[PDB]
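One structure, as structure tokens, below. Some questions next.
Note that we place each Cβ from the backbone using ideal geometry, even for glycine, and neighbour counts take in every protein chain shown. Derivation of every value follows stated rules applied to the coordinates shown; laboratory data play no part.
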Amino acid sequence: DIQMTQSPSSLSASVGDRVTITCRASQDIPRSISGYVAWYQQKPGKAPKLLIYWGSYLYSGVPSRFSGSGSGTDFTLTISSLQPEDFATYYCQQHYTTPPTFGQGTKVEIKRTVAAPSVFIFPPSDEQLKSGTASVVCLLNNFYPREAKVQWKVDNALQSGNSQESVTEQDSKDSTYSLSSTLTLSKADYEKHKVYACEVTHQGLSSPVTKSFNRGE
Amino acid sequence: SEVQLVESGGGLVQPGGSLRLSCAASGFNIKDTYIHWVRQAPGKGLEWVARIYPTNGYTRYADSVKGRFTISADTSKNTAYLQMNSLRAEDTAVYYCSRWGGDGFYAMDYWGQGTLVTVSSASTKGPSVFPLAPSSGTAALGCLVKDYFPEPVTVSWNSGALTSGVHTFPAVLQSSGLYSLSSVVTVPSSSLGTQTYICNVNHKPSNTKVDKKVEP
């Protein structure tokens, strides 16, 4: 039962870079044998797509910047000039025999210039407050790199355990991330506090940015 | 017409329960090759689970599903199937239909879009949709899609006409056990009042389909 073990697990590289991903079979196969590995590209929330078959043959429609090679137990995918579209997880596969088996995956992220997030704050809707709960939402739009810290402040009282964050997958055109933080409070709680603030830190900001609002304007 | 594989049948199901996925093939006869199911648990890799040779009905399974899942194929409907029985939390995954290219081609050249199977004892719940309203030369506005289960939800804007600048965030699982996401879009602040903005939320598990007008 041939296992495929792929490396590295994650990597970060710039547009134009040569990127090299590796894949090894568990079964001892000699140098005289080749052309039994295929390579797939999977973008977030999509089906995998065939890039390379038989070790080194380029699948129709795939850009010429992708190439593969290998023999014995060792195979390689090379992207000669990394593009922003190339953000994806890359999987190798053996088609020597059955069952078909896959490598664990290699996550490629695109390294680009630093961009500070643009920050926007959203009070809870009226339509919502009737339900007896209040969500306040902070948006950090289009930034790089991914690390960023968001703190909520209610009348200066720093919040904890009542918020959750979500961050999008790297954008395939501009290579940025965006992030939402959602502060969930009961109506009774939300009514009895005045100024609602969102404090964002990021390596692109010389100083933390604060978007806020007062309840009712 | 062009080669294409369309999965259907996924959704929520209780542990110990049964479910049947379909895979409609187009632009070739499934008789000419093998059809596979390959699945992917959330945040994990790709796991081959079954294959079939439609002409004579020959099947093989991964050990992980052997004895519980059955694959089949109706040549006359050019459609493949996965009968999943005695389901468990671990079977939660996106299930893809794929094929082998043919006689000399054991790579998987076409895959469907995948169908999500969620194994759980929690029940279906439609979202509430609240507006994320803008105010103050660029505007941000959005919709909060809150308190729904199971995954997924689609969000478009202005019936699919607005896609530039749109971010729809991955769902987060609340401690209540219900999902919540937001979808936002940045626009030029000049349009506010002139052009209206609506988000089209769709949750096929509860047959919920809601439009919401976002404004100050």
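Looking only at the stretch A:32-44, filter to residues that are crowded, with 20+ Cβ neighbours inside 10 Å and within 23 Å of the chain's Cα centre (by Cα); which one of those is farthest from the other protein chains (Cβ to nearest Cβ)?
Checked the stretch A:32-44; the qualifying residue farthest from the other protein chains (Cβ to nearest Cβ) is A:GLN41.
Counting just the residues of the stretch B:153-174 that are surrounded by 15 or more Cβ atoms within 10 Å (Cβ to Cβ), of a type in the set (A, V, I, L, M, F, W, C) and not in a strand (DSSP E or B), which one comes out farthest from the chain's Cα centre (by Cα)?
By that ranking, first place goes to B:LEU162.
Now for a different question. Taking the condition surrounded by 13 or more Cβ atoms within 10 Å (Cβ to Cβ) and within 19 Å of B:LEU132 (Cβ to Cβ), does A:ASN162 pass?
yes
Here is a further query. If I filter the stretch A:163-172 down to residues being facing chain B (nearest Cβ under 10 Å) and in a loop (DSSP other than H, G, I, E, B), which single residue comes out as farthest from the chain's Cα centre (by Cα)?
A:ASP171
Check B:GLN195 against each of (1) closer than 30 Å to B:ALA80 by Cα; (2) surrounded by fewer than 20 Cβ atoms within 10 Å (Cβ to Cβ) and name the one condition it does not meet.
(1)
Additional query: Could you list, in sequence order, the residues of the stretch B:81-105 that are among the hydroxyl-bearing types (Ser, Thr, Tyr) and assigned to a strand (DSSP E or B)?
Going through the stretch B:81-105, the residues among the hydroxyl-bearing types (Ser, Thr, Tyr) turn out to be B:81, B:86, B:92, B:95-96, B:98.
Across the stretch B:81-105, the qualifying residues are B:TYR81, B:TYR95, B:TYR96, B:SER98.
Yes/no matrix, rows are residues, columns are (1) small (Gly, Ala, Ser); (2) at the interface with chain B (Cβ under 10 Å from one of its Cβ atoms); (3) closer than 30 Å to B:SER128 by Cβ:
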site	(1), (2), (3)
A:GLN93	no, yes, no
A:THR101	no, yes, no
A:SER125	yes, yes, yes
A:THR133	no, yes, yes
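So, one more: Picking from A:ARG112, A:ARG65, which residue would you name as being more than 11 Å from chain B (Cβ to nearest Cβ), farther than 26 Å from A:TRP54 by Cα and among the charged types (D, E, K, R)?
Only one candidate passes the filter, namely A:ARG112.
Please work out if B:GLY57 is over 18 Å from B:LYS77 (Cβ atoms) and of a type in the set (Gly, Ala, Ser). First the steps, then the outcome.
On the way: over 18 Å from B:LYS77 (Cβ atoms): no; of a type in the set (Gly, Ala, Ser): yes.
It is false that B:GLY57 is over 18 Å from B:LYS77 (Cβ atoms) and of a type in the set (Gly, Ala, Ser).
Of (1) assigned to a strand (DSSP E or B); (2) closer than 30 Å to A:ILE2 by Cα; (3) of a type in the set (S, T, N, Q), A:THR98 satisfies all except one. Which?
Of the numbered conditions (1) assigned to a strand (DSSP E or B); (2) closer than 30 Å to A:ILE2 by Cα; (3) of a type in the set (S, T, N, Q), the odd one out for A:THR98 is (1).
OK, next. Are any residues in the stretch B:104-150 more than 7 Å from every other protein chain (Cβ to nearest Cβ), polar (S, T, N, Q), within 23 Å of the chain's Cα centre (by Cα) and surrounded by fewer than 17 Cβ atoms within 10 Å (Cβ to Cβ), and if so, which ones?
B:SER120, B:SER121, B:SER123, B:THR124 - these are the residues of the stretch B:104-150 that are more than 7 Å from every other protein chain (Cβ to nearest Cβ), polar (S, T, N, Q), within 23 Å of the chain's Cα centre (by Cα) and surrounded by fewer than 17 Cβ atoms within 10 Å (Cβ to Cβ).
Quick one: is A:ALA47 buried (at least 17 other Cβ atoms within 10 Å of the Cβ) and among the aliphatic types (A, V, I, L, M)?
Considered against the rule, which asks whether it is buried (at least 17 other Cβ atoms within 10 Å of the Cβ) and among the aliphatic types (A, V, I, L, M), A:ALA47 comes out as yes.
Where residues in the stretch B:170-194 are farther than 26 Å from A:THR184 by Cα and polar (S, T, N, Q), which of them is farthest from the other protein chains (Cβ to nearest Cβ)?
The qualifying residue farthest from the other protein chains (Cβ to nearest Cβ) is B:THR194.
For the stretch B:25-35, does any single residue satisfy the condition of being of a type outside the set (A, V, I, L, M), away from every other protein chain (no Cβ under 14 Å), surrounded by 19 or more Cβ atoms within 10 Å (Cβ to Cβ) and part of a loop (DSSP other than H, G, I, E, B)?
No.
Quick check on this structure: which one of B:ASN158, B:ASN207 is more than 9 Å from chain A (Cβ to nearest Cβ) and in contact with a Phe, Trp or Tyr (Cβ under 7 Å, 6 or more places away or on another chain)? Walk me through how you get there before you give the answer.
Values: B:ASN207 fails: in contact with a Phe, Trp or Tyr (Cβ under 7 Å, 6 or more places away or on another chain).
When all the criteria are applied, what remains is B:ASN158.
For A:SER160, which of the numbered conditions (1) at the interface with chain B (Cβ under 10 Å from one of its Cβ atoms); (2) assigned to a loop (DSSP other than H, G, I, E, B) fails to hold?
(1)
Would you pick out the residues in the stretch B:123-141 that are touching a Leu at 6+ places or on another chain (Cβ under 7 Å) and over 16 Å from A:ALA134 (Cβ atoms)?
Passing the criteria: B:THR124, B:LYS125, B:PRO134, B:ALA139, B:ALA140, B:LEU141.
So, one more: With (1) in contact with a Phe, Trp or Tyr (Cβ under 9 Å, 6 or more places away or on another chain); (2) under 25 Å from A:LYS49 (Cβ atoms); (3) away from every other protein chain (no Cβ under 14 Å) as the list, and B:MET84 as the residue in question, which single condition is left unmet?
(2)
Right, another one. Taking the stretch A:116-152 only, how many residues are part of a strand (DSSP E or B) and either crowded, with 16+ Cβ neighbours inside 10 Å or touching a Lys or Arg at 6+ places or on another chain (Cβ under 6 Å) (or both)?
20
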